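Chains as they are written, first to last, in the authors' numbering: chain F, 61 to 98, 107 to 136; chain P, 66 to 128.
All C-beta atoms in this analysis are idealised placements derived from N, C-alpha and C, irrespective of residue type, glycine included.
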Amino acid sequence: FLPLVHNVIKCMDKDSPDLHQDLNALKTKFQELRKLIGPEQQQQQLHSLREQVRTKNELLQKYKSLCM
Amino acid sequence: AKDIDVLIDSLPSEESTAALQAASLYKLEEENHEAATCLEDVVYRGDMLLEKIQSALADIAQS
Numbered sequence: 061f062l063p064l065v066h067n068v069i070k071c072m073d074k075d076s077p078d079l080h081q082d083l084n085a086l087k088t089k090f091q092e093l094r095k096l097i098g107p108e109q110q111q112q113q114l115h116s117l118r119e120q121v122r123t124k125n126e127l128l129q130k131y132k133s134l135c136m
Numbered sequence: 066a067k068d069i070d071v072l073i074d075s076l077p078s079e080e081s082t083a084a085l086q087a088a089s090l091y092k093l094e095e096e097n098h099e100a101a102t103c104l105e106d107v108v109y110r111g112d113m114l115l116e117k118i119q120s121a122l123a124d125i126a127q128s
């Protein structure tokens, strides 16, 4: 999250020299990014899907040899 | 009279006695037995093919 670090750096550099106060802009941008962005459950689901796809491919290839 | 004579002349000249009809029936029975053996072999082959197809379908559905 480079935005929070950049906001903290700007607030620390502009503590005494408050020429351009972008604290509100940074907070609004952070809130908007958090609203727009939206555990290992996804990884487990992906592993299960990969295993199921491998099983389906194996089952499809099991019916390759067929004479009559 | 002419029609009766022509019909009696052109009738089936065969099993009036008892040997020609018996020989024809025996030959027909032998031919039928051979044809039945051939048909049984063909039906066994077809049933084997159908059983193989059913086993393949069951294996595909088991996946």
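- Here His-80/F really is in contact with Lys-74/F; their C-beta atoms are around 7 Å apart, less than 8 Å.
- Taking the Cα positions, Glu-99/P is about 20 Å away from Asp-112/P.
- Judged by DSSP in its simplified three-state form, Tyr-131/F adopts coil rather than helix or strand.
- Interface criterion not met: the Cβ of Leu-86/F is under 8 Å from no Cβ in chain P.
- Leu-93/P sits in a helix when the DSSP states are folded into three classes.
- As the crow flies, the alpha-carbon of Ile-69/F is around 34 Å from that of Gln-110/F.
- In this structure, the alpha-carbon of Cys-71/F lies about 12 Å from that of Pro-63/F.
- At a cut-off of 8 Å between C-beta atoms, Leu-127/F counts as an interface residue with respect to chain P.
- Between the alpha carbons of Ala-88/P and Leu-104/P lies a gap of roughly 24 Å.
- At a cut-off of 8 Å between C-beta atoms, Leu-104/P does not count as an interface residue with respect to chain F.
- Taking a Cβ-Cβ threshold of 8 Å, the residues of chain F close to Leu-114/P are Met-136, in chain order.
- For a Cβ distance threshold of 7 Å, residue set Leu-127 of chain F lies close to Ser-128/P, ordered along the chain.
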